[PDB]
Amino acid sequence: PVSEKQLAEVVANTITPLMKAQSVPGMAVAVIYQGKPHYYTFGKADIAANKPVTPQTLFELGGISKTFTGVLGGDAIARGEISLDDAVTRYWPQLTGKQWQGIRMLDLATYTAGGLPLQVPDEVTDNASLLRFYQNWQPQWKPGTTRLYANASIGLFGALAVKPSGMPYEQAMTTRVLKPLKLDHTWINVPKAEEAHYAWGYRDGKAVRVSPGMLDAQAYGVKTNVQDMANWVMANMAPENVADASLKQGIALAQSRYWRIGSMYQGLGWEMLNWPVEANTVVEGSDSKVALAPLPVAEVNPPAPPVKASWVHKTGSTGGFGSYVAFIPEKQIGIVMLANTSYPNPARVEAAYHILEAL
């Protein structure tokens, strides 16, 4: 019972000011209300070229790419290919170091393996140096005790979760998650043909774009527009309408609860909180000082299947782009906020909460 027209103001009334205080040049917004998306665009996608942000502009999702990874992974669990409490050594037999005993695929995806670091070091150029890296890894904690956000963790989950498939990660995602969901404009590698749709990221006044790195696709290399992103949210928010049977089970596996960390729950890429929530609770944990720190986990076992009454979300950043996605399956409301500046996370959470509170 709210107007499309007044929903526009609230978006503009909230978004415009934010862009000003955070110095974001362009931003694409999607608010999902009543089974359908409403798009709002603001800013330039390219400043010197003077390109507006449109519903086809590509942004860098950063960490939101992990929600694709987890769903891609839950999809494989559904196909019978993998299991979450299978040893990581079952998919990478050469990981013979004794420290990898006890670690499961679930630990990899949920960041609990025991202190794997945030990045894969840049001197890792191939599989052989990647094997070396994980063999030389000395855990900081036992497994299932501590959560430490890392791409070394979920990046490894993705590469390995697609192995039984006999397909490369890129291809796997397209034929398994993307096409069936008709995200025909979501890319790991942007083609030349869609190049002009790709905005530039801005970091400190400079124009940037993400650089390659081992396991980037799995961890932080997806790019899309607000249209395809809204469809991704709608598919996650209402998996029932999803025809692919493995996909549907996987989307659900991804929103399931595996660990509790404070008021937060760890899923396969997705992060959740029970609805209702106060804003201060979502914003407290979004702040990087908490998000990237190592925290103790409380196991949920068996894992809890997905709760409709949850605040599902994910932030994503690269050097020049800043995104956020959050939805409530019970109310069936959602939001996408794609930006070409990485502004603080608590500011994205603050803004999304407000907008959604209007519905």
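The first residue of the shown sequence is 1; numbering continues from there.
Undergrad: Can you tell me whether 109 to 117 has a higher mean C-alpha B factor than 166 to 174 in this record, or the other way round?
TA: The deposited B-factors put 166 to 174 ahead on the C-alpha mean.
Undergrad: Between 58 to 66 and 43 to 51, which has the larger average Cα B-factor in the PDB entry?
TA: Taking the mean C-alpha B-factor of 58 to 66 and of 43 to 51, the larger value falls to 43 to 51.
Undergrad: Would you mind checking which of 312, 32, 309, 304 has the top Cα temperature factor in the PDB entry?
TA: Of the candidates given, the C-alpha B-factor peaks at 32.
Undergrad: Choose from 90, 257, 79, 147 the residue with the greatest Cα B-factor as stated in the PDB record.
TA: The listed residue with the largest C-alpha B-factor is 90.
Undergrad: Compare the C-alpha B factor of residue 292 with those of the other modelled residues in its chain, then answer lowest, middle or highest third.
TA: CA B-factor rank for residue 292: highest third.
Undergrad: Quick check on the deposited entry: does the C-alpha B-factor of residue 213 sit in the lowest, middle or highest third of its chain?
TA: Within its chain, residue 213 is a middle-third residue by C-alpha B-factor, going by the deposited values.
Undergrad: In terms of the CA temperature factor given in the entry, to which third of its chain does residue 184 belong: lowest, middle or highest?
TA: Its C-alpha B-factor, which the entry lists for residue 184, ranks in the middle third among residues of this chain.
Undergrad: Should residue 237 be placed in the lowest, middle or highest third of its chain by the C-alpha B factor in the entry?
TA: For residue 237, whose C-alpha B-factor we compare with every modelled residue in the chain, the answer is the lowest third.
Undergrad: Using only modelled residues of the chain, where does the Cα B factor of residue 200 rank: lowest third, middle third or highest third?
TA: Its C-alpha B-factor, which the entry lists for residue 200, ranks in the middle third among residues of this chain.
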